[PDB]
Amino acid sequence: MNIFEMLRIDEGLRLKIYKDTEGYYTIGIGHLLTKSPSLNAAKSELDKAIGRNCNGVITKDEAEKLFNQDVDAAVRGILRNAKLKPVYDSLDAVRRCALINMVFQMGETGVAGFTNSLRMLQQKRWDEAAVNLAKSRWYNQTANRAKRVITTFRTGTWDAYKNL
């Protein structure tokens, strides 16, 4: 298992504009298009992102291209962030994937806000961190996904996904 397979399980693949859990306009493998309520605004962002007139629909290849870009941007973002880099550096490989997963879903800023949990992961207090992470809107809003990520930080294995 690797980061791409992990995120492909959590996000799914849709080839037509769709609404995410929060109601935002999204496409492909979790690629957010706009927070704007307008479907037109969405279609416009899409064409800009692909370089073609897509009329709300893309190919598998196009989905994967946006995906490769998003994963790279997530990793680069952690590495440039002063609160995140040090945590990332401290972690083992599997746990690194779990932090990348969070950043991809909630953005750098969002993740950097989990001050206490970040401290705990740094200190390698797995159980304490799993419990703290669960006290969040995140856990209430996307519970099955949050649980998979949480278990990943907890155990340092891919068991939550070996199922899936």
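We number the residues from 1 along the sequence you see.
Participant: Report the stretch with the higher mean CA temperature factor, choosing between 23-31 and 50-58 on the basis of the entry.
Facilitator: So the stretch with the higher mean C-alpha B-factor is 50-58.
Participant: Comparing 82-90 with 69-77, which has the greater mean CA B-factor as deposited?
Facilitator: Looking at the record's C-alpha B-factors, the answer is 82-90.
Participant: In terms of recorded Cα temperature factor, pick the maximum from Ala98, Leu133, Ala112, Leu121.
Facilitator: Reading the PDB entry, the winner on C-alpha B-factor is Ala112.
Participant: If you rank the chain by CA B-factor, which third does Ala129 end up in: lowest, middle or highest?
Facilitator: Middle third.
Participant: What third of its chain's C-alpha B-factors does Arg14 belong to: lowest, middle or highest?
Facilitator: It belongs to the lowest third of the chain when residues are ordered by C-alpha B-factor.
Participant: According to the PDB entry, is the CA B factor of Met106 in the bottom, middle or top third of its chain, that is, lowest, middle or highest?
Facilitator: Answer is middle: the recorded C-alpha B-factor places it there.
Participant: Sorting the chain's modelled residues by C-alpha B-factor, tell me whether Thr155 ends up in the lowest, middle or highest third.
Facilitator: For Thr155, the deposited C-alpha B-factor lands in the middle third.
Participant: Taking the entry's C-alpha B-factors for this chain, is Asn140 in the lowest, middle or highest third?
Facilitator: CA B-factor rank for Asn140: highest third.
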